[PDB]
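Single-structure report; data block below.
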Amino acid sequence: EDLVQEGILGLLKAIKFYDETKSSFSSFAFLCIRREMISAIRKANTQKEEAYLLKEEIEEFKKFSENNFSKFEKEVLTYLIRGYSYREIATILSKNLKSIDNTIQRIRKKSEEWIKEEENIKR
């Protein structure tokens, strides 16, 4: 529940900032997602209006994904945003690597299209 917001943010960052030439998307997502999780643990560790736009974008994504992903895409997303690697996700779901990689990739493209469409609204 808690770190889930951070995971999603990490992923949205992954998607917005991906360099095709620098690496595979799966590993870039894994990187961004764990940086966000760790950031939020580090922050909560030293502790022990830009945010409203972000919180809303995270919430819009949760709904977009709930309402538009396949069951398979949702199963993958669940582990992706909790910082599991595509290899670990294959093991978890008893699916092969290629199949997970392609799913993460569909999550990316479908999310991309959603972001561009959300940024274009002028009713």
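Going by the structure tokens order, chains are called A, B, ..., each with residues numbered from 1, while ligands are numbered from 1 in the order shown.
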
**Q.** Who sits within 12 Å of residue 71 of chain A, only C-alpha atoms, same chain under 6 positions skipped, as a PyMOL selection string
**A.** chain A and resi 65+77-78+103+107

Q: Compile the contact shell of residue 27 of chain A as a PyMOL selection string: residues with an atom at most 10 Å away, counting only C-alpha atoms, same-chain residues fewer than 6 positions apart removed.
A: chain A and resi 14+33+85-86+101

Write to file, as a JSON list (two decimals), in the first residue's frame, the residues of the selection just made, with C-alpha atoms.
[["chain", "number", "residue", "atom", "x", "y", "z"],
["A", 14, "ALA", "CA", 10.63, 5.72, -16.23],
["A", 33, "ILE", "CA", 11.02, 2.32, -9.44],
["A", 85, "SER", "CA", 12.63, -7.24, -11.89],
["A", 86, "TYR", "CA", 11.11, -8.69, -15.07],
["A", 101, "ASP", "CA", 9.10, -8.11, -21.16]]

(Q) I'd like to know which of A:8, A:24, A:121, A:113 is closest to residue 59 of chain A, using only C-alpha atoms. (A) A:8

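The space between atom CA of residue 10 of chain A and atom CA of residue 31 of chain A spans 8.3 Å.
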
Q: Could you check which of A:15, A:51, A:38, A:3 is closest to residue 81 of chain A, using only C-alpha atoms?
A: A:3

(Q) Quick one: residues within 10 Å of residue 115 of chain A, only C-alpha atoms, excluding same-chain residues fewer than 3 positions away - as a PyMOL selection string? (A) chain A and resi 12+15-16+57+60-61+109-112+118-120

Can you spit out the residues from that selection as a PDB file, in the first residue's frame, using C-alpha atoms?
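What landed in part.pdb:
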ATOM      1  CA  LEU A  12       5.734   7.304 -14.630  1.00  0.00           C
ATOM      2  CA  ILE A  15       8.115   6.262 -19.036  1.00  0.00           C
ATOM      3  CA  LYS A  16       8.597  10.043 -19.322  1.00  0.00           C
ATOM      4  CA  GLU A  57      -1.250  12.193 -11.806  1.00  0.00           C
ATOM      5  CA  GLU A  60      -5.251   9.282 -12.659  1.00  0.00           C
ATOM      6  CA  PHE A  61      -2.800   6.503 -13.581  1.00  0.00           C
ATOM      7  CA  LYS A 109       3.147   2.251 -24.924  1.00  0.00           C
ATOM      8  CA  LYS A 110      -0.440   2.301 -23.575  1.00  0.00           C
ATOM      9  CA  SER A 111       0.658   4.579 -20.754  1.00  0.00           C
ATOM     10  CA  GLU A 112       2.563   6.847 -23.192  1.00  0.00           C
ATOM     11  CA  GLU A 118      -4.133  13.785 -21.027  1.00  0.00           C
ATOM     12  CA  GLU A 119      -1.663  16.582 -21.841  1.00  0.00           C
ATOM     13  CA  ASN A 120      -3.680  17.580 -24.939  1.00  0.00           C
TER      14      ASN A 120
END

(Q) So, with only C-alpha atoms as the atoms that count, which of A:39, A:30, A:50, A:75 lies closest to residue 87 of chain A? (A) A:30

Q: Point out the residue among A:43, A:35, A:63, A:48 with the least atom-to-atom distance to residue 11 of chain A, counting only C-alpha atoms.
A: A:35

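Each of A:18, A:25, A:52, A:72 was checked against residue 94 of chain A using only C-alpha atoms; the smallest atom-to-atom distance is that of A:72.
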